[PDB]
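As structure tokens, the structure follows; a few thoughts come after it.
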Amino acid sequence: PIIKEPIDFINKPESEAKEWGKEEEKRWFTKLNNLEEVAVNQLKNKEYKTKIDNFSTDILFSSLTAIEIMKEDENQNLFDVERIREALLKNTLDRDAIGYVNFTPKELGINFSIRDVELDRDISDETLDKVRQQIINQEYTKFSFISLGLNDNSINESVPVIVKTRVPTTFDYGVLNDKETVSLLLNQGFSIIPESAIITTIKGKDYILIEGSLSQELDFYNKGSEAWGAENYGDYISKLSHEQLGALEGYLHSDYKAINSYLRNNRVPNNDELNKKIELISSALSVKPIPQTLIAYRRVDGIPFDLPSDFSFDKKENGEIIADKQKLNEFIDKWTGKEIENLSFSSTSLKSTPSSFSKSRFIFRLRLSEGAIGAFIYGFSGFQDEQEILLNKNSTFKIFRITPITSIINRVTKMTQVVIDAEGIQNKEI
């Protein structure tokens with residue numbers, strides 16, 4: 001008995017959301033130690049929140065070596081991230097919560113304009129339809145902590161989309177306060193999946209209002225998961241023919257240079273014996289197709305983009321190395337929506353940042369869908385630490401978002417890099 005309502009402060013007095021917020025902050029803080037409190041409290045300053053959010057993203061795409069160097073150097077940014085995560089784990093929702101998640105159009109893979117008409121204040125149905133066709137049922141990951149603004153004061157008027165969602169009861173949360181807005185803080189790594197969108201008018205301005213489902217795409221970032229390989233590809237070798245296993249072993253140890261060249265050159269000159277091997281490798285890789293949807297990583301240099309190998313997104317300003325924004329913007333603008341081919345078999349890993357690829361700055365964050373032709377290389381000598389998933393030849397991807405990051409390479413070295421979210425599409429014809 002007594003029907004329980006979700007936390008929903010939309011269209012309620014700001015003073016009610018603020019006082020709920022102060023109270024919720026007080027309840028939260030009784031469960032935290034002093035170092036958690038200091039790390040959470042600093043989030044009141046919008047500069048440090050932006051800085052800690054960006055850092056929380058950076059470390060997912062930094063090598064475990066680099067993370068360990070930071071921990072042993074007592075890096076306070078890393079400790080702060082850790083303490084905020086820890087604070088969040090102590091505090092769970094007793095009700096669903098409704099509000100607005102902090103995604104801008106860029107973070108939904110949208111680089112085109114939204115308010116196109118009447119002196120850039122109104123939105124065309126044509127544009128709404130374009131946004132719908134691109135975003136509905138796509139999945140967009142918030143790598144950092146995600147913020148849920150609880151009323152209309154959280155809406156930035158210059159940002160022409162609003163993403164509204166519901167957070168389920170039992171989820172971990174914190175509460176943050178400035179003068180006029182109240183927000184929940186949730187864990188890193190949630191995604192939004194847009195389900196619908198409409199044009200709405202709020203206080204005299206037009207927005208695309210997107211209803212989005214909160215989601216969790218299986219993804220191990222830099223930690224990887226050997227367990228995922230063992231559980232899904234434990235019996236893999238037991239299912240291969242002697243011929244499949246020999247061909248795949250050959251590919252992994254001694255044949256790969258020749259097979260990769262042959263496929264990358266459209267099989268010219270013809271070579272019947274590579275044709276046999278290749279057929280067997282594709283065959284082996286179809287024996288146990290990827291069983292659920294997950295993220296796998298492939299780090300590359302500039303060459304796939306027709307750029308110099310050592311293309312760099314970093315420039316010097318008063319001797320400080322910072323991102324070159326105009327290069328990031330150019331690249332994001334051009335490559336969002338483009339397809340990327342793999343004429344040979346291609347290697348990925350469940351680990352985002354194997355330290356031998358730490359300087360390859362083009363990070364493919366590949367959605368491997370259920371049924372994709374590929375295999376985790378589990379059970380093969382010399383391949384325990386790679387956490388390789390080998391993809392079938394002609395695995396074609398479409399890029400749907402590109403997110404700039406700052407990867408931490410070592411104590412003295414940071415590099416601007418890009419996380420390229422891509423999805424599987426029809427094998428490129430050949």
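Ordering of the structure tokens sets the chain letters (A, B, ...), residue numbers begin anew at 1 in every chain, and ligands are numbered from 1 in the order given.
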Using the chain letters and numbers from this document, which residues of range 101-221 of chain A does DSSP assign to strand (DSSP E or B), as a PyMOL selection string? chain A and resi 101+117+122+140-149+161-167+172+174-177+182-202+205-215
Identify, on the basis of only C-alpha atoms, every residue whose closest approach to range 69-76 of chain A does not exceed 12 Å; exclude the query and any residue fewer than 5 positions from it along the same chain; express the result as a PDB file with N, CA, C and O atoms, in the first residue's frame.
ATOM      1  N   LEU A  35      38.005  11.503   2.991  1.00  0.00           N
ATOM      2  CA  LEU A  35      38.570  11.661   1.634  1.00  0.00           C
ATOM      3  C   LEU A  35      37.528  11.545   0.484  1.00  0.00           C
ATOM      4  O   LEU A  35      37.660  12.200  -0.511  1.00  0.00           O
ATOM      5  N   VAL A  38      35.732  15.002   0.523  1.00  0.00           N
ATOM      6  CA  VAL A  38      36.536  16.036  -0.151  1.00  0.00           C
ATOM      7  C   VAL A  38      36.490  15.891  -1.673  1.00  0.00           C
ATOM      8  O   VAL A  38      36.445  16.870  -2.376  1.00  0.00           O
ATOM      9  N   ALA A  39      36.483  14.664  -2.174  1.00  0.00           N
ATOM     10  CA  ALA A  39      36.512  14.437  -3.600  1.00  0.00           C
ATOM     11  C   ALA A  39      35.148  14.736  -4.225  1.00  0.00           C
ATOM     12  O   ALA A  39      35.058  15.381  -5.268  1.00  0.00           O
ATOM     13  N   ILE A  52      37.597  16.406 -13.833  1.00  0.00           N
ATOM     14  CA  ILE A  52      37.524  15.058 -13.298  1.00  0.00           C
ATOM     15  C   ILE A  52      36.733  14.148 -14.240  1.00  0.00           C
ATOM     16  O   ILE A  52      37.137  13.022 -14.448  1.00  0.00           O
ATOM     17  N   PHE A  55      39.043  13.273 -17.102  1.00  0.00           N
ATOM     18  CA  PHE A  55      40.028  12.323 -16.570  1.00  0.00           C
ATOM     19  C   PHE A  55      39.450  10.918 -16.395  1.00  0.00           C
ATOM     20  O   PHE A  55      40.074   9.917 -16.730  1.00  0.00           O
ATOM     21  N   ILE A  59      41.376   7.628 -18.437  1.00  0.00           N
ATOM     22  CA  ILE A  59      41.941   6.438 -17.818  1.00  0.00           C
ATOM     23  C   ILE A  59      41.362   5.135 -18.341  1.00  0.00           C
ATOM     24  O   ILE A  59      42.005   4.107 -18.217  1.00  0.00           O
ATOM     25  N   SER A  62      43.796   4.348 -21.259  1.00  0.00           N
ATOM     26  CA  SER A  62      45.193   4.350 -20.859  1.00  0.00           C
ATOM     27  C   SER A  62      45.577   2.948 -20.399  1.00  0.00           C
ATOM     28  O   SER A  62      44.763   2.203 -19.827  1.00  0.00           O
ATOM     29  N   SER A  63      46.816   2.550 -20.685  1.00  0.00           N
ATOM     30  CA  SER A  63      47.313   1.204 -20.324  1.00  0.00           C
ATOM     31  C   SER A  63      47.282   0.948 -18.811  1.00  0.00           C
ATOM     32  O   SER A  63      47.431   1.878 -17.981  1.00  0.00           O
ATOM     33  N   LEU A  64      47.103  -0.307 -18.425  1.00  0.00           N
ATOM     34  CA  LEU A  64      47.227  -0.632 -16.995  1.00  0.00           C
ATOM     35  C   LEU A  64      48.607  -0.242 -16.426  1.00  0.00           C
ATOM     36  O   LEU A  64      48.726   0.169 -15.280  1.00  0.00           O
ATOM     37  N   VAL A  81      38.817  10.229  -8.672  1.00  0.00           N
ATOM     38  CA  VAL A  81      37.891   9.416  -9.485  1.00  0.00           C
ATOM     39  C   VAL A  81      37.477   8.191  -8.678  1.00  0.00           C
ATOM     40  O   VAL A  81      36.265   7.940  -8.512  1.00  0.00           O
ATOM     41  N   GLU A  82      38.473   7.449  -8.149  1.00  0.00           N
ATOM     42  CA  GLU A  82      38.237   6.236  -7.358  1.00  0.00           C
ATOM     43  C   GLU A  82      37.334   6.507  -6.147  1.00  0.00           C
ATOM     44  O   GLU A  82      36.405   5.746  -5.860  1.00  0.00           O
ATOM     45  N   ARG A  83      37.564   7.614  -5.482  1.00  0.00           N
ATOM     46  CA  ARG A  83      36.792   7.931  -4.306  1.00  0.00           C
ATOM     47  C   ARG A  83      35.362   8.306  -4.633  1.00  0.00           C
ATOM     48  O   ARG A  83      34.480   8.011  -3.872  1.00  0.00           O
ATOM     49  N   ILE A  84      35.147   8.956  -5.781  1.00  0.00           N
ATOM     50  CA  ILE A  84      33.815   9.305  -6.223  1.00  0.00           C
ATOM     51  C   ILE A  84      33.059   8.040  -6.564  1.00  0.00           C
ATOM     52  O   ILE A  84      31.891   7.951  -6.179  1.00  0.00           O
ATOM     53  N   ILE A 408      46.748   8.868 -21.145  1.00  0.00           N
ATOM     54  CA  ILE A 408      47.938   8.950 -20.331  1.00  0.00           C
ATOM     55  C   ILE A 408      48.858   7.784 -20.662  1.00  0.00           C
ATOM     56  O   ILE A 408      48.479   6.641 -20.498  1.00  0.00           O
ATOM     57  N   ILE A 409      50.032   8.126 -21.196  1.00  0.00           N
ATOM     58  CA  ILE A 409      50.969   7.197 -21.779  1.00  0.00           C
ATOM     59  C   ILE A 409      51.957   6.799 -20.718  1.00  0.00           C
ATOM     60  O   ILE A 409      52.275   5.626 -20.625  1.00  0.00           O
ATOM     61  N   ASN A 410      52.484   7.778 -19.975  1.00  0.00           N
ATOM     62  CA  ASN A 410      53.364   7.560 -18.821  1.00  0.00           C
ATOM     63  C   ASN A 410      53.432   8.810 -17.950  1.00  0.00           C
ATOM     64  O   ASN A 410      52.656   9.744 -18.147  1.00  0.00           O
ATOM     65  N   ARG A 411      54.356   8.833 -16.991  1.00  0.00           N
ATOM     66  CA  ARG A 411      54.464   9.924 -15.988  1.00  0.00           C
ATOM     67  C   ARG A 411      54.486  11.321 -16.632  1.00  0.00           C
ATOM     68  O   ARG A 411      53.853  12.252 -16.132  1.00  0.00           O
ATOM     69  N   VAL A 412      55.197  11.457 -17.753  1.00  0.00           N
ATOM     70  CA  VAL A 412      55.462  12.765 -18.375  1.00  0.00           C
ATOM     71  C   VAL A 412      54.812  12.993 -19.752  1.00  0.00           C
ATOM     72  O   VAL A 412      55.044  14.035 -20.389  1.00  0.00           O
ATOM     73  N   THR A 413      54.047  11.998 -20.229  1.00  0.00           N
ATOM     74  CA  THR A 413      53.587  11.943 -21.589  1.00  0.00           C
ATOM     75  C   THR A 413      52.070  11.677 -21.624  1.00  0.00           C
ATOM     76  O   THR A 413      51.602  10.641 -21.142  1.00  0.00           O
TER      77      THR A 413
END
Just asking: which residues within range 265-393 of chain A are helix (DSSP H, G or I) according to DSSP, as a short mmCIF file (atom, residue, chain, number, x, y, z; two decimals) with N, CA and C atoms, in the first residue's frame?
data_model
loop_
_atom_site.label_atom_id
_atom_site.label_comp_id
_atom_site.auth_asym_id
_atom_site.auth_seq_id
_atom_site.Cartn_x
_atom_site.Cartn_y
_atom_site.Cartn_z
N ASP A 272 46.14 -20.71 -55.25
CA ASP A 272 45.16 -21.73 -54.88
C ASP A 272 45.35 -22.19 -53.45
N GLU A 273 46.60 -22.17 -52.98
CA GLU A 273 46.93 -22.67 -51.65
C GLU A 273 46.58 -21.68 -50.50
N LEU A 274 46.81 -20.39 -50.72
CA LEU A 274 46.26 -19.37 -49.85
C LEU A 274 44.73 -19.40 -49.92
N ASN A 275 44.15 -19.58 -51.09
CA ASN A 275 42.70 -19.75 -51.21
C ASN A 275 42.16 -20.86 -50.29
N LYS A 276 42.92 -21.94 -50.13
CA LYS A 276 42.48 -23.05 -49.29
C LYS A 276 42.60 -22.71 -47.81
N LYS A 277 43.72 -22.16 -47.45
CA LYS A 277 43.88 -21.74 -46.10
C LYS A 277 42.79 -20.72 -45.68
N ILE A 278 42.59 -19.71 -46.50
CA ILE A 278 41.71 -18.63 -46.20
C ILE A 278 40.32 -19.16 -46.00
N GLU A 279 39.91 -20.08 -46.87
CA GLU A 279 38.61 -20.70 -46.77
C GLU A 279 38.48 -21.42 -45.43
N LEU A 280 39.56 -22.07 -45.00
CA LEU A 280 39.51 -22.78 -43.73
C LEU A 280 39.49 -21.83 -42.51
N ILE A 281 40.18 -20.68 -42.60
CA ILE A 281 40.20 -19.74 -41.51
C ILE A 281 38.79 -19.15 -41.34
N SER A 282 38.12 -18.79 -42.44
CA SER A 282 36.78 -18.21 -42.38
C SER A 282 35.79 -19.21 -41.82
N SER A 283 35.94 -20.44 -42.29
CA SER A 283 35.22 -21.57 -41.79
C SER A 283 35.42 -21.77 -40.27
N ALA A 284 36.67 -21.77 -39.81
CA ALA A 284 36.92 -21.94 -38.40
C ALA A 284 36.23 -20.82 -37.59
N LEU A 285 36.23 -19.62 -38.14
CA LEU A 285 35.76 -18.46 -37.43
C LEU A 285 34.25 -18.38 -37.42
N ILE A 303 47.31 5.79 -41.11
CA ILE A 303 47.27 5.24 -42.49
C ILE A 303 45.87 4.86 -42.95
N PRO A 304 45.08 4.14 -42.15
CA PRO A 304 43.70 3.82 -42.61
C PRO A 304 42.82 5.04 -42.99
N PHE A 305 43.18 6.21 -42.48
CA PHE A 305 42.46 7.45 -42.76
C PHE A 305 43.04 8.27 -43.90
N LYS A 325 42.18 21.75 -31.59
CA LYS A 325 40.72 21.55 -31.71
C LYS A 325 40.26 21.53 -33.13
N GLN A 326 40.85 22.39 -33.92
CA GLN A 326 40.48 22.52 -35.33
C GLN A 326 40.81 21.19 -36.06
N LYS A 327 41.92 20.52 -35.73
CA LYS A 327 42.19 19.18 -36.28
C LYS A 327 41.14 18.15 -35.78
N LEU A 328 40.77 18.20 -34.50
CA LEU A 328 39.77 17.27 -33.97
C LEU A 328 38.44 17.49 -34.66
N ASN A 329 38.07 18.75 -34.86
CA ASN A 329 36.80 19.09 -35.50
C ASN A 329 36.73 18.67 -36.96
N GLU A 330 37.83 18.89 -37.68
CA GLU A 330 37.94 18.46 -39.06
C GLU A 330 37.78 16.98 -39.13
N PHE A 331 38.50 16.24 -38.29
CA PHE A 331 38.50 14.80 -38.39
C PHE A 331 37.10 14.21 -38.04
N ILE A 332 36.53 14.71 -36.95
CA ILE A 332 35.22 14.30 -36.48
C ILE A 332 34.20 14.58 -37.57
N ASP A 333 34.23 15.77 -38.15
CA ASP A 333 33.30 16.15 -39.20
C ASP A 333 33.38 15.29 -40.44
N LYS A 334 34.61 14.99 -40.86
CA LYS A 334 34.77 14.17 -42.02
C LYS A 334 34.44 12.72 -41.77
N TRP A 335 34.90 12.14 -40.66
CA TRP A 335 34.87 10.67 -40.55
C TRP A 335 33.60 10.07 -39.88
N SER A 355 49.73 -2.04 -23.86
CA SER A 355 50.74 -0.97 -23.80
C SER A 355 51.65 -0.88 -25.05
N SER A 356 51.82 -1.95 -25.80
CA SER A 356 52.52 -1.83 -27.09
C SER A 356 51.73 -1.00 -28.18
N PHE A 357 50.43 -0.75 -27.99
CA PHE A 357 49.68 0.11 -28.90
C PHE A 357 49.35 1.47 -28.28
#
Residue with the minimum atom-to-atom distance to residue 428 in chain A, picked from A:339, A:389, A:254, A:364 with only C-alpha atoms counted, is A:339
Practice item. Would you list the contacts of residue 233 in chain A as number ranges by chain, taking every protein, DNA or RNA residue within 7 Å and counting only C-alpha atoms, but skipping same-chain residues closer than 3 positions in sequence? Key: A: 229-230, 236, 376, 378
Separating CA of residue 188 in chain A from CA of residue 78 in chain A, to the nearest tenth of an Å, is a gap of 13.8 Å
Just want the 6 Å neighbourhood of residue 88 in chain A, counted on only C-alpha atoms, with same-chain residues fewer than 5 positions away dropped. Output as a count of residues only. 3
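Between residue 85 in chain A and the residues A:147, A:403, A:141, A:187, the shortest atom-to-atom distance, using only C-alpha atoms, involves A:187.
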Subject >> Pick from A:77, A:196, A:156, A:216 nearest to residue 133 in chain A, counting only C-alpha atoms >> reply: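 Counting only C-alpha atoms, the residue closest to residue 133 in chain A is A:196.
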Note to self: Counting only C-alpha atoms, which residue out of A:342, A:92, A:177, A:127 sits closest to residue 25 in chain A?
What the structure shows: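 Counting only C-alpha atoms, the residue closest to residue 25 in chain A is A:177.
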Find the residues near residue 375 in chain A: any atom within 8 Å, counting only C-alpha atoms, skip ones fewer than 2 places away on the same chain, and give them as a ChimeraX atom specification. /A:233,285,288-290,373,377,389-391
Keeping N, CA and C atoms for every residue in the selection just given, could you write it to a file as a CSV table (one decimal), in the first residue's frame?
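Dumped everything to result-v3.csv:
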chain,number,residue,atom,x,y,z
A,233,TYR,N,34.6,-19.2,-25.3
A,233,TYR,CA,35.4,-19.9,-26.2
A,233,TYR,C,36.3,-21.0,-25.6
A,285,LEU,N,36.2,-19.6,-38.1
A,285,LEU,CA,35.8,-18.5,-37.4
A,285,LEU,C,34.2,-18.4,-37.4
A,288,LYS,N,31.9,-20.7,-34.1
A,288,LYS,CA,31.2,-20.2,-32.9
A,288,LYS,C,31.2,-18.7,-33.0
A,289,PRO,N,30.2,-18.1,-33.7
A,289,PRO,CA,30.1,-16.7,-33.9
A,289,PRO,C,29.9,-15.9,-32.6
A,290,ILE,N,30.1,-14.6,-32.7
A,290,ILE,CA,30.2,-13.9,-31.4
A,290,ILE,C,28.8,-14.1,-30.7
A,373,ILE,N,30.9,-13.0,-37.4
A,373,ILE,CA,31.9,-14.0,-37.7
A,373,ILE,C,33.2,-13.6,-37.1
A,377,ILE,N,40.5,-15.8,-29.3
A,377,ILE,CA,41.6,-16.8,-29.4
A,377,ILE,C,41.9,-17.2,-28.0
A,389,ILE,N,40.2,-11.0,-30.2
A,389,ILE,CA,39.1,-11.5,-31.0
A,389,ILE,C,39.5,-11.3,-32.4
A,390,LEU,N,39.6,-12.4,-33.2
A,390,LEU,CA,39.9,-12.3,-34.6
A,390,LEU,C,38.6,-12.3,-35.4
A,391,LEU,N,38.5,-11.2,-36.2
A,391,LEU,CA,37.3,-11.0,-37.1
A,391,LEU,C,37.5,-11.6,-38.5
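Of the residues under consideration (A:209, A:287, A:110, A:175), A:287 shows the shortest atom-to-atom contact distance to residue 237 in chain A when counting only C-alpha atoms.
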- Query: Do you know which residues are at most 6 Å from range 101-109 of chain A counting only C-alpha atoms, after dropping those on the same chain fewer than 5 positions away, and could you put them as number ranges by chain?
  - Reply: A: 147-148, 163, 400-401
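Picture a line from CA of residue 223 in chain A to CA of residue 351 in chain A; it runs 5.8 Å.
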_Using only C-alpha atoms, which protein or nucleic acid residues come within 10 Å of residue 152 in chain A? Drop anything in the same chain fewer than 6 positions from it, and give the result as JSON, numbers by chain._
{"A": [9, 10, 11, 12, 14, 99, 100, 180, 181, 182, 202, 203]}
Just to be explicit: take each residue in the selection above, keep C-alpha atoms, and write the result as a PDB file, in the first residue's frame.
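Writing the result to out33.pdb gives the following:
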ATOM      1  CA  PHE A   9      11.009  17.533 -10.172  1.00  0.00           C
ATOM      2  CA  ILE A  10      10.209  18.581 -13.747  1.00  0.00           C
ATOM      3  CA  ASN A  11       7.723  21.481 -13.602  1.00  0.00           C
ATOM      4  CA  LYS A  12       7.827  21.668  -9.764  1.00  0.00           C
ATOM      5  CA  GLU A  14      13.043  24.937  -7.911  1.00  0.00           C
ATOM      6  CA  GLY A  99      15.450  13.819 -15.574  1.00  0.00           C
ATOM      7  CA  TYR A 100      17.786  15.074 -18.239  1.00  0.00           C
ATOM      8  CA  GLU A 180      19.768  26.904  -9.467  1.00  0.00           C
ATOM      9  CA  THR A 181      20.074  23.239 -10.511  1.00  0.00           C
ATOM     10  CA  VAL A 182      19.963  19.882  -8.884  1.00  0.00           C
ATOM     11  CA  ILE A 202      10.189  25.611 -23.719  1.00  0.00           C
ATOM     12  CA  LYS A 203      10.102  29.206 -22.478  1.00  0.00           C
TER      13      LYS A 203
END
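In this comparison, which uses only C-alpha atoms, the residue of A:19, A:68, A:139, A:235 approaching residue 423 in chain A most closely is A:139.
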Atom-to-atom span, CA of residue 312 in chain A and CA of residue 222 in chain A, Å: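 Separation between CA of residue 312 in chain A and CA of residue 222 in chain A: 22.0 Å.
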